[PDB]
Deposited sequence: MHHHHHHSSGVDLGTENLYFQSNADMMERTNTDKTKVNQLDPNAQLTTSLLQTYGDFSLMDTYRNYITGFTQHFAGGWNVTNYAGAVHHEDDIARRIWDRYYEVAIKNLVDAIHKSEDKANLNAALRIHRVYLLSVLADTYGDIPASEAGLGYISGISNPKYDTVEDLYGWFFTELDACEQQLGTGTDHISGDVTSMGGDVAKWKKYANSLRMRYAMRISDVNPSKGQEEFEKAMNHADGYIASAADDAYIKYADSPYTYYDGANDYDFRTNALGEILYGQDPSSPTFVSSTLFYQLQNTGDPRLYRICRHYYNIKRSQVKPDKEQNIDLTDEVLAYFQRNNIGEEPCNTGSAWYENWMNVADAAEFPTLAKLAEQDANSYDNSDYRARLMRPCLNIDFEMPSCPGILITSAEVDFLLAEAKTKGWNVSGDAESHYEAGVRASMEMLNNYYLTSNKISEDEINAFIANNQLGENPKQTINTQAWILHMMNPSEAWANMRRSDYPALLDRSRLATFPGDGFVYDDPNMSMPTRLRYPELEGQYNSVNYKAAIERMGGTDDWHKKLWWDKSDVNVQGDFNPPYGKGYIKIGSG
């Protein structure tokens, strides 16, 4: 039943816990949104490849979503609306697969490959992006030529063909920007084609495209990215990196302590994050810093929370934990949980099972329009207006989709924008602000970081490594990987096509090899001397 297969494929995007290891261990580490958990320190922090972690995106999307999409596409030629929606989500997941690994099966990933009886070649990144524009144009026009109801839709589009059209056009704008370095003229042409389309694009948050997940306890119904970020036990929360912390603090970003909180979480629930026992001591922690003329030490990329050891405050320092330590010291005076309380952690609001699965937002389109303007493309309105719109929408998406309290006021948004105008390097400003936007969309975060080379990351090569703590540094090139390696079993079961793709790369499956649309290395910060804690060597 094709509509059901649309549902499974949509939900798998963020709903499949079995590929979230790749996002917590590698991608969100590579983007330097998160740092300090043992896993991201072991993998992304050590620049340490391991097949079983790197393969999961490939293996799980091909085994489930792509299989179901292709079968449903072939079973839906009489249901043009559903057919177009199936095909748009295939383009979507193929763009993620290609942006992650490089050349990938696509044009030959068909019914035979589904049945496990045929071996698909790896389409080149350049050929795939060419096909993205063509296929999205075709689907966009096909939408609404059927009378069938897209009942398997679980996105915010809610089966509305007009909303799927704007989604397809917005993805065209995303891909057109992606190729704007390697093929400037095609990027310009494809962008303005979509931007000027009669059916429009995602112009306000009312038209945001996202998958809707269920508010049920921790089969793709719940957002598994939040699940793995919440950790599978209270000793493994997701710690916010110093890169993100310092981007927020140093720009006066009201998002600083919406994204960052301090938790003592020993009795927290494991079926659904609870305010009761994810004890939010943020204000009391900050009051403690201020009393002692000290401050935050957000974990550096490459380091774990127990490295670059920060002094641990006694329970007495925090009145809420103090009175609970005095009631029950085994629970609330545990020194390990006090230690992790010291570091900024991701708000559990971002870790709820019902968190959305972002596909593309009006805030991103705003930033695309801003950069399109700074490139001279024929866009209406100045770069600053689009830029400001995108900052305001990124702000507002947290109010609308995530925050359960402490919403960001219109005063704060207006204040922040005034202090962070475009400046002398708009491309850097635009893409740094998009990178915050993309926190919970790690694949777009990593792709757009790679293409735009902003934000300037912390130079991993000048941050500490901790081999004495069991981590393995088996790669001399410690700069951020620009892709993931192919699943190693492809070398056996798709051996000839695997060899070919590797040969096109230069003869080895090299995760320091830049993809076709990635023309330069991501920028890095020249200096990192934080007021508290450790910086560059």
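Engineer: Given the full deposited sequence, which segments carry no C-alpha coordinates?
Structural biologist: Residues lacking C-alpha coordinates: 1-40, 259-267, 587-591.
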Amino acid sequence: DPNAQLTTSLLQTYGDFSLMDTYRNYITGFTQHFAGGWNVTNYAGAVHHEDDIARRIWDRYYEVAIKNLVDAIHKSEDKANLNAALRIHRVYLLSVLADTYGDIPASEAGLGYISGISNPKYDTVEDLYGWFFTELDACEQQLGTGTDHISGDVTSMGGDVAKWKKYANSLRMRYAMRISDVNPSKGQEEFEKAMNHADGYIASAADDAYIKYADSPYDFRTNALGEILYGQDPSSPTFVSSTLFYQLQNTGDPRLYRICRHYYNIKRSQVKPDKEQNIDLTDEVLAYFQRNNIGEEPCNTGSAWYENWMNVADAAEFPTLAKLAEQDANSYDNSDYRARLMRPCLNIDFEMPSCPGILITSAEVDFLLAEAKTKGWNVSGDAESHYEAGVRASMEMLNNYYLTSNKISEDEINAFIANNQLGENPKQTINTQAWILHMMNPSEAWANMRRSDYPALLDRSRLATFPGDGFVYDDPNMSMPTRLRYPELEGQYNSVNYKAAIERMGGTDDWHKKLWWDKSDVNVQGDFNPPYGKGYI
From here on, numbers count along this sequence of modelled residues.
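Engineer: When the Cα temperature factors in the entry are averaged, is it 318-326 or 69-77 that ends up higher?
Structural biologist: Mean C-alpha B-factor is greater for 318-326.
Engineer: Tell me which stretch has the larger mean Cα B-factor in this entry, 520-528 or 15-23.
Structural biologist: In the deposited entry, the stretch with the higher C-alpha B-factor mean is 520-528.
Engineer: Looking at the C-alpha B-factor values in the deposited entry, which of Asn448, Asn441, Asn414, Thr124 comes out highest?
Structural biologist: That would be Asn414.
Engineer: In the PDB entry, which of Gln32, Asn497, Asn477, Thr482 has its C-alpha at the highest B-factor?
Structural biologist: That would be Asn477.
Engineer: Which third, lowest, middle or highest, does the CA B-factor of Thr41 fall in along this chain?
Structural biologist: According to the entry, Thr41 has a C-alpha B-factor in the chain's middle third.
Engineer: Where does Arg255 sit by CA temperature factor within its chain: lowest, middle or highest third?
Structural biologist: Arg255: CA B-factor falls in the middle third of its chain.
Engineer: Determine, from the deposited record, the chain-internal third of the Cα B-factor for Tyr230: lowest, middle or highest.
Structural biologist: As the PDB entry reports it, the C-alpha B-factor of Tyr230 lands in the middle third of its chain.
Engineer: Would you check the entry's CA temperature factor for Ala109 and let me know if it's in the chain's lowest, middle or highest third?
Structural biologist: It falls in the middle third of the chain.
Engineer: Sorting by Cα B-factor within the chain, modelled residues only, which third would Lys166 end up in: lowest, middle or highest?
Structural biologist: As the PDB entry reports it, the C-alpha B-factor of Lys166 lands in the lowest third of its chain.
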